[PDB]
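For reference, the structure discussed in these notes is given below.
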Amino acid sequence: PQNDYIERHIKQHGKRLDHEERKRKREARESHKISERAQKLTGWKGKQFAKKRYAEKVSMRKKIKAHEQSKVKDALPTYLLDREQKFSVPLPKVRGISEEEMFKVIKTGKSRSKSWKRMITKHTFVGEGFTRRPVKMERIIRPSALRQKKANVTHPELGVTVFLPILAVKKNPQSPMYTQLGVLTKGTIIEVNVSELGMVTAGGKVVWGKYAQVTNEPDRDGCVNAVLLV
Amino acid sequence: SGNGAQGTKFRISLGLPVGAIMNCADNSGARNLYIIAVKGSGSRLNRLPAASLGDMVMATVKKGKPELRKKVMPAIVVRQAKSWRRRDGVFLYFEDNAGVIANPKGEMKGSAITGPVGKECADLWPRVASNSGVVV
Amino acid sequence: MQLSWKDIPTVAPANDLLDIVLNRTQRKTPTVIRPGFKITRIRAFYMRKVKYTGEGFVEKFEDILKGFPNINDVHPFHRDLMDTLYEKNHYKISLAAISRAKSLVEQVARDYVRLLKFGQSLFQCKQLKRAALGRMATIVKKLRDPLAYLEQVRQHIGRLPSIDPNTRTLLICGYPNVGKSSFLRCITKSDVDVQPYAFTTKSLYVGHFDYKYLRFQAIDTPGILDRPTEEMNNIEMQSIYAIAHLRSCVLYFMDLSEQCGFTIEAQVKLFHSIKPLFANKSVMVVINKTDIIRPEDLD
Amino acid sequence: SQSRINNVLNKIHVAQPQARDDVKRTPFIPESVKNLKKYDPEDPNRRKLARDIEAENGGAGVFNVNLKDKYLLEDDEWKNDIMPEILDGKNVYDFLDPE
Amino acid sequence: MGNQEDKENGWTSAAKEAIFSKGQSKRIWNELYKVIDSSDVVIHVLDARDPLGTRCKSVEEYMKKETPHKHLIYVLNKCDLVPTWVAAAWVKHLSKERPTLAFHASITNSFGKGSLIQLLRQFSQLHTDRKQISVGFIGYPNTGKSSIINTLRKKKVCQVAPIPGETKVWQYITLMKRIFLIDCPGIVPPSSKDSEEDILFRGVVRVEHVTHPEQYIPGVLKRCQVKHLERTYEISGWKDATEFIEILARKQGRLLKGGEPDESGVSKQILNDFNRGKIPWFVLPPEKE
Amino acid sequence: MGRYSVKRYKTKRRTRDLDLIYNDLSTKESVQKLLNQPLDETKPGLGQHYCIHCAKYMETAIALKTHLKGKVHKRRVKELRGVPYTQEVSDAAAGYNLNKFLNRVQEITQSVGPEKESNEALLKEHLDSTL
Amino acid sequence: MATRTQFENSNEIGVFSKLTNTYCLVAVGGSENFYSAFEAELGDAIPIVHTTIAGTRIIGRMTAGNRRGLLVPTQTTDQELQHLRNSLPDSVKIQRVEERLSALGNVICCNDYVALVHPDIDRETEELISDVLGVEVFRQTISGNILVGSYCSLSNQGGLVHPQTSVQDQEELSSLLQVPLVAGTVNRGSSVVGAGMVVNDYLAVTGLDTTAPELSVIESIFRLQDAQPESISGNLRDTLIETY
RNA sequence: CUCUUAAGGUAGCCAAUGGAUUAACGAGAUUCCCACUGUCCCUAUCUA
Ligand SMILES: Nc1nc2c(ncn2[C@@H]2O[C@H](COP(=O)(O)OP(=O)(O)OP(=O)(O)O)[C@@H](O)[C@H]2O)c(=O)[nH]1
Ligand SMILES: [K+]
Ligand SMILES: [Mg+2]
Ligand SMILES: [Mg+2]
Ligand SMILES: [Mg+2]
Ligand SMILES: [Zn+2]
């Protein structure tokens with residue numbers, strides 16, 4: 001068969017003789033079926049059914065409100081219309097993180113008797129030109145999987161988020177030792193490259209570096225989110 | 001009981017487990033066939049899949065033409081050295097184990113078969129019976 | 001060639017695909033993990049969750065990508081027909097979006113398994129696994145329109161007739177309401193509709209017959225109007241592409257009774273306008289409906 | 001195209017014989033064959049085929065045909081006779097002989 | 001005429017052998033990224049017989065993209081196995097890209113040791129503020145990284161074998177007070193154009209684990225010269241690989257029980273001789289411009 | 001049953017039958033074909049130096065000569081003397097196809113026998129001259 | 001007079017049946033559909049015998065014969081031989097042959113006057129063929145292909161050989177057999193024509209998968225219908241050129 | 001102030017050889033092949 005052969009068959013021979021009556025009785029039964037499903041389905045299927053019912057009721061109420069509202073009844077230039085898009089830090093105080101949580105003890109030796117090596121469990125920024133210390137003289141370990149180079153920085157003005165490269169770590173609020181180790185935790189002040197934001201000073205200098213504050217836990221969610229301090 | 005086989009097959013004593021090497025009885029250039037699998041084999045822990053007369057296997061050519069080697073091809077077992085019972089009333093066996101190269105439809109690659117061919121295999125596969133000069 | 005593409009698996013929409021893959025992860029992987037277990041066991045549990053969900057999404061995408069034909073690789077007749085039917089630009093853009101989503105899901109899975117190597121507690125490992133699954137879900141939610149387009153295209157393309165552009169072909173062309181479908185009914189056993197109004201037939205229809213033990217295919221086309229190609233539409237472009245691509249014997253059907261709503265002068269003008277189309281092909285003019293009016297007693 | 005010449009010729013050529021002896025070899029069609037009537041599958045008065053007999057008796061896989069019904073013996077009473085095969089350690093068939 | 005026709009008869013290619021994927025394990029590549037992360041200078045070791053064959057272009061591109069501060073140089077080893085003009089031409093051609101040093105690694109009779117030592121002292125002087133530098137040796141299996149390190153130390157400090165994959169983990173060696181050397185396992189970058197034959201003839205795998213070396217013997221015949229082969233094995237008169245194997249087996253007495261010559265054993269021995277440098281061969285250098 | 005007989009007379013280690021060897025030696029064309037064999041790389045001595053009586057390949061002509069100067073070869077030659085003992089002999093002993101057996105015996109006595117003997121004599125003198 | 005049928009969904013008619021001018025042999029396996037397919041064309045004009053050979057269903061490959069005689073291999077049982085003798089009239093001689101090549105239908109390809117044989121059959125077998133079948137015997141290979149019975153279909157009218165037969169081989173075989181010969185396939189591209197079909201002077205039976213051009217070639221070469229000579233190859237040349 | 005890509009056509013110059021790619025030996029560590037087999041398919045039987 002070719003093209004719309006089922007529709008041609010319906011046009012030429014019709015449907016089954018009780019098709020309309022069967023469909024009408026099933027649609028009449030749908031209300032009882034919905035109530036029985038709501039009272040009978042258990043577990044994850046029941047929870048999903050309740051969530052979908054709530055969403056459908058919300059959508060129906062919105063449709064009714066929009067219909068009733070319709071039945072009742074930035075100064076952009078021409079080339080831009082018809083187009084779319086105190087010195088306090090936003091996080092003055094964050095959770096304290098102890099050294100026991102920050103560092104993990106790494107044991108060395110055949111019998112695992114030495115315990116002088118420590119591994120940083122948080123995300124870090126190591127910078128440019130980084131080379132690993134020789135293993136015999138390597139006490140502090142910053143694994144490569146936890147090293148970060150870029151962050152999602154939200155600008156308060158203009159309401160956008162841009163993926164920017166990290167330049168430096170300015171102040172880790174937990175400790176200056178964590179600051180010099182480059183630990184990226186919640187509330188850390190970092191320096192970011194803002195070249196693609198198109199910022200110009202009052203004197204005509206192009207701004208390409210500013211400060212941002214990290215507002216999430218990259219150890220928890222696998223990424224660095226920051227707010228640009230403008 | 002395999003694709004291309006004509007009808008049902010009654011049980012025969014199994015002679016060739018996986019890893020066995022049998023002679024090649026056709027004229028396609030292969031000298032021996034190395035069994036790596038048996039079509040239609042069952043599933044049981046620790047039990048090796050084994051072939052019998054008239055069964056289709058997957059085989060690699062160990063000795064033969066270099067172009068013929070280094071590939072897996074279907075084969076049909078036409079002779080076995082393990083004794084099996086005919087329902088007419090005798091146990092019988094051949095000197096060697098031997099098979100022929102075929103396609104998944106059961107058609108021979110060669111044009112003739114040298115040596116005797118079992119009646120079970122010849123009656124099961126029409127192309128083997130067409131290419132056989134000696135049937136038992 | 002392939003000549004038919006009905007064997008494409010069903011393309012689910014974005015939310016349905018999300019439900020299928022996530023519920024498959026929940027059903028087919030173990031779901032009980034305790035905070036009292038070893039940290040290696042906890043890490044393996046959540047790594048398995050992430051890896052399995054990524055594999056499920058990737059295999060659905062691969063089933064989509066392998067099934068659909070390559071528009072550039074097929075024969076030029078099929079390429080032009082599918083471009084007329086489905087807008088090749090949208091077609092390739094949707095399939096490329098599927099491919100990009102597959103690569104992104106793979107990247108998310110690898111990154112979060114590597115991150116889960118360093119998880120220190122059940123809470124952290126659970127947060128990382130949920131982050132990976134949420135990022136995959138956002139990727140999948142960004143494919144809502146291409147998936148719907150591809151499901152519609154799959155359903156339509158599964159019903160296209162198989163036309164071999166290399167076999168023997170009798171092509172039938174002309175104005176609407178001249179009897180092309182009636183001639184196809186007479187010479188083949190195709191089920192093409194015959195109605196006395198213009199453009200009853202909106203797509204190519206194929207029939208078959210045997211002449212001197214040889215298989216011939218007959219192609220009935222939607223009617224062509226005497227208009228320039230700039231204002232020619234897709235339905236007529238089907239017939240134009242069929243005539244241009246199929247090396248065949250063309251039969252131009254003329255109605256001398258003007259029951260078709262087109263005059264004899266208009267039919268002759270259409271013939272002379274589509275004259276450049278049938279180069280290096282057999283051409284013949286057939287005058288239909290001779291029971292109403294004959295060519296002999298014409299002006 | 002020059003490529004498809006030998007292949008076409010080797011299958012379009014029909015070989016013909018020539019003499020080689022004064023021996024006449026003629027086709028043989030039996031009189032019953034040439035007086036046979038063409039079978040009509042849709043006909044009120046046609047021959048009842050063996051498949052019709054099988055279908056009316058048992059059907060495929062249930063009907064047990066008697067092969068001895070087609071024997072051309074001297075006496076029709078001998079059709080349902082069991083031929084002995086063994087007698088006191090000897091095979092009857094290798095002793096069976098006229099005169 | 002290749003892949004599509006085979007499936008019609010039910011013919012499937014045999015499963016790819018697991019020995020040919022050696023040098024591609026996640027363990028080995030984790031070791032490689034460890035030594036690169038620990039190295040200030042990276043020495044890529046090339047085989048003077050097939051230097052373009054033994055180049056890790058993907059690793060070089062990774063180093064130039066992600067770690068531009070690390071210094072990558074070339075050491076062309078096994079220069080004694082090629083003619084002098086071949087080695088000079090290869091040095092000239094590879095110096096257009098990177099600083100390349102010819103080398104012959106040996107504890108007692110070496111070549112290039114002093115040049116490499118003064119080069120490493122120059123790198124140390126350039127990094128005089130770092131208090132130490134590390135030089136990581138990378139390259140294909142069996143190219144001679146361990147031999148070169150032993151040559152620099154004038155002592156067997158790294159284990160060396162003709163079989164590929166002797167070195168399995170990294171190893172620190174102290175050359176001077178400020179200079180460390182890092183030995184690394186060999187690597188083989190994945191690729192689709194590189195066939196099992198190319199992998200085998202780059203000396204990557206141990207021949208004892210391959211299925212049928214007779215099919216690879218024609219590669220030996222194509223890569224080697226007839227006169228060199230006949231001088232090595234004291235035979236002559238063959239017309240193809242099978243007859244070459246048969247003549248060599250009959251001369252050496254490598255006959256199985258029953259009279260059939262040991263084709264697989266002789267072929268494995270030939271491949272071992274080819275890879276280990278008992279048969280002279282080299283790849284032609286690029287044409288001079 | 002015992003290990004020696006089992007591992008000597010396994011089916012996969014079977015040897016050529018005496019009646020087949022007798023048929024090979026009976027006709028001069030078969031003897032010529034077995035004397036002039038194509039070069040086979042899978043055979044001892046490249047398919048040359050083949051003893052027809054014992055159906056055995058030797059690695060060298062000196063090995064074939066030592067085999068000919070031996071009791072094992074003499075044992076096989078003595079075994080290959082009389083009637084080949086096909087199935088017709090056992091059938092006749094049971095009393096079955098006796099006339100067929102008698103016809104075969106008289107054919108062997110009259111025609112096949114002396115021709116096979118002359119072929120054996122020519123083969124023996126050929127081997128003595130060439131070896 | 002070419003019909004298409006199957007033996008239990010198999011196109012190999014010559015494997016499971018034997019057709020001569022005076023009798024027909026069919027295997028006993030399964031239902032009576034195959035027997036009735038032969039019976040629709042044959043009526044009761046010639047005997048049609050259900051039979052087995054050594055317990056097998058491959059009777060067209062195990063047996064060989066013509067309108068005057070039938071040869072069965074030595075593996076035939078006494079009961080099967082007696083069954084054949086009782087089922088066939090006295091005008092058909094029946095012989096059990098002591099032959100090493102037991103697939104007589106493969107090693108012998110004969111008609112009422114001539115026979116081609118495997119070049120390695122016995123002299124006594126040749127003399128038995130001449131005595132029982134009443135035909136001349138020639139040792140031949142069809143373009144180097146042994147098993148002439150499986151690679152040739154032959155009647156008193158014409159013959160079909162396997163498609164890999166050279167023109168000179170066709171000429172020599174036509175001179176020997178004294179019938180026109182053509183090369184071609186049966187059962188949609190099979191080269192085993194002798195095991196693919198059965199034929200006599202007035203009937204051909206092939207498999208269902210035989211195409212219309214192949215059927216037309218078979219009809220023309222075997223001169224089946226009233227207006228089918230061997231000279232209409234020129235008229236079928238266009239169709240054959242398109243088909244090849 | 002300056003330093004490195006000059007070497008060229010399947011084997012060189014330069015002092016038999018250009019070597020530790022070291023023979024032989026080993027209840028030393030390891031890989032592979034033939035032969036061989038109850039290691040296994042799959043277990044059975046016999047003796048003290
Ligand atoms: N002729 C010659 N042979 C060499 C040279 N350098 C190394 N070899 C030989 O090549 C083989 C490889 O030696 P290795 O030092 O183990 O090479 P590798 O790159 O470290 O190989 P793996 O450790 O297995 O990855 C050894 O048998 C050496 O004797 C050289 O400069 N000249
Ligand atoms: K090594
Ligand atoms: Mg197990
Ligand atoms: Mg229409
Ligand atoms: Mg090493
Ligand atoms: Zn002897």
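Just so we're on the same page: letters track the sequence lines, and every chain starts at 1. Because only heavy atoms are used, hydrogens play no part in the values below, and waters and symmetry mates are left out as well, while side chains stay in.
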In terms of the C1'-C2'-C3'-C4' torsion, is [N] a north or a south sugar?
| N | value |
| --- | --- |
| H:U37 | north |
| H:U5 | south |
| H:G28 | north |
| H:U4 | south |
| H:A20 | south |

Applying salt bridge (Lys or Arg N to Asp or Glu O under 4.0 Å), can you list everything that pairs with [X], at least two apart in sequence or on another chain?
| X | value |
| --- | --- |
| E:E260 | none |
| E:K16 | E:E196 |
| E:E61 | E:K64 |
| E:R223 | E:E197, E:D198 |

Are the side chains of E:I270 and E:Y233 in touch, meaning some heavy atoms are under 4.5 Å apart? yes
Does H:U21 stack on H:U22, meaning their six-ring centres are under 5.5 Å apart and the planes differ by under 30°? no
Would you say the bases of H:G28 and H:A29 stack, taking the criterion to be ring centres below 5.5 Å apart together with planes below 30 degrees?
yes
Expected list for residues 111-127 of chain E near RNA chain H, using heavy atoms below 4.0 Å, is none
task: Based on the glycosidic angle (syn within 90° of 0, else anti), state the conformation of H:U10.
output: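 This nucleotide is in syn.
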Report the glycosidic orientation of H:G19: syn if within 90° of 0, anti in every other case.
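Judged by the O4'-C1' to base torsion, H:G19 sits in syn, the angle falling within 90° of 0.
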* To do: Write out all pairs satisfying side chain to side chain donor-acceptor pair (under 3.5 Å) with one or both partners inside residues 72-82 of chain B, taking only residues at least two apart or from two chains.
  =>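 Applying side chain to side chain donor-acceptor pair (under 3.5 Å) to every pair that reaches into residues 72-82 of chain B, excluding sequence neighbours, yields B:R79-B:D96.
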Residues pairing under side chain to side chain donor-acceptor pair (under 3.5 Å) where one sits in residues 278-289 of chain E, two or more places apart or in two chains, turn out to be none
What's the [atom1]-[atom2] distance between [X] and [N], to the nearest Å?
| X | N | atom1 | atom2 | result |
| --- | --- | --- | --- | --- |
| E:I73 | H:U5 | CD1 | P | 13 Å |
| E:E17 | H:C32 | CD | P | 14 Å |
| E:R206 | H:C33 | CZ | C1' | 17 Å |
| B:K62 | H:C33 | NZ | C1' | 13 Å |
| E:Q269 | H:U21 | CD | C1' | 13 Å |
| E:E166 | H:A29 | CD | P | 17 Å |
| E:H71 | H:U4 | NE2 | P | 20 Å |
| E:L271 | H:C33 | CG | P | 15 Å |

When the [atom1] atoms of [M] and [N] are compared, how many Å lie between them, rounded to an integer?
| N | M | atom1 | answer |
| --- | --- | --- | --- |
| H:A23 | H:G18 | P | 15 Å |
| H:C1 | H:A7 | P | 30 Å |
| H:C41 | H:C34 | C1' | 24 Å |
| H:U10 | H:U5 | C1' | 23 Å |
| H:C3 | H:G8 | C1' | 25 Å |

- Message: On RNA chain H, does the nearest nucleotide to E:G265 precede the nearest nucleotide to E:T100 from the 5' side, or the other way round? Give the residue.
- Response: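 Checking each residue's closest nucleotide, the 5'-ward one belongs to E:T100.
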Taking for F:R13 and for E:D262 the nucleotide of RNA chain H with the nearest heavy atom, the one nearer the 5' end belongs to E:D262
Subject >> Nucleotide of H:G19, H:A35, H:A7 approaching E:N109 most closely (side-chain heavy atoms) >> reply: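 For the E:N109 side chain, the nearest candidate turns out to be H:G19.
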Among the nucleotides H:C34, H:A7, H:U21, whichever has the atom closest to the side chain of E:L256 is H:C34
Q. E:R153 side chain to E:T174 main-chain N or O, any donor-acceptor pair under 3.5 Å?
A.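 Checked: pair present.
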Under the 3.5 angstrom rule, does the side chain of E:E31 hit a backbone N or O of E:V169 as a donor-acceptor pair?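 No: the side chain of E:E31 does not pair with the backbone of E:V169.
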d(E:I148 CD1, E:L116 CG) to nearest 0.5 Å is 7.5 Å
*Side-chain donor-acceptor pair under 3.5 Å between F:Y57 and F:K43, yes or no?*
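Per modelled atom types, F:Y57 and F:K43 side chains form a pair under 3.5 Å.
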Tell me which pairs pass ring-ring contact (aromatic ring centres under 6.0 Å, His included) where either residue lies in residues 90-124 of chain E, with sequence neighbours left out.
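Matches after skipping sequence neighbours: E:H71-E:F123.
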Could you list the protein-to-nucleotides 8-12 of chain H atom pairs, N/O on both sides, closer than 3.5 Å?
{"unit_1": "H:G8", "atom_1": "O2'", "unit_2": "E:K288", "atom_2": "NZ", "d": "3.4"}
{"unit_1": "H:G8", "atom_1": "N7", "unit_2": "E:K92", "atom_2": "NZ", "d": "3.4"}
{"unit_1": "H:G8", "atom_1": "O6", "unit_2": "E:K92", "atom_2": "NZ", "d": "3.0"}
{"unit_1": "H:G8", "atom_1": "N1", "unit_2": "E:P286", "atom_2": "O", "d": "3.0"}
{"unit_1": "H:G8", "atom_1": "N2", "unit_2": "E:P286", "atom_2": "O", "d": "3.2"}
{"unit_1": "H:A11", "atom_1": "OP2", "unit_2": "E:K227", "atom_2": "NZ", "d": "3.1"}
{"unit_1": "H:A11", "atom_1": "OP2", "unit_2": "E:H228", "atom_2": "NE2", "d": "3.2"}
{"unit_1": "H:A11", "atom_1": "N6", "unit_2": "E:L81", "atom_2": "O", "d": "3.2"}
{"unit_1": "H:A11", "atom_1": "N1", "unit_2": "E:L81", "atom_2": "O", "d": "3.3"}

Worksheet entry | ring pair (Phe, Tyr, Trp, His ring centres under 6.0 Å) partners for E:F180, two or more places apart |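 Not a single residue meets the ring pair (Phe, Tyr, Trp, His ring centres under 6.0 Å) criterion with E:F180.
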| field | side chain to side chain contact (heavy atoms under 4.5 Å, CB included) partners of E:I107, counting only residues at least two apart | value |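 In terms of side chain to side chain contact (heavy atoms under 4.5 Å, CB included), with neighbours along the sequence ignored, E:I107 is linked to E:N150, E:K156.
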For this session: Provide the Watson-Crick or G-U wobble partner of H:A35, both distances under 3.5 Å; none if there is no partner.
Result: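 Check on H:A35: unpaired, no WC or wobble geometry under 3.5 Å.
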Taking the purine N1 to pyrimidine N3 distance and the second Watson-Crick contact, or the two G-U wobble contacts, each under 3.5 Å, tell whether H:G18 pairs with H:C14.
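Check passed, canonical or wobble pair found.
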Would you tabulate the nitrogen or oxygen pairs shorter than 3.5 Å linking the protein to nucleotides 45-48 of chain H?
none

ask   = Within the structure, does a side-chain N or O atom of B:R47 lie under 4.0 Å from either OP1 or OP2 of H:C42?
value =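 For B:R47, the contact criterion (side-chain N or O under 4.0 Å from OP1 or OP2 of H:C42) is met.
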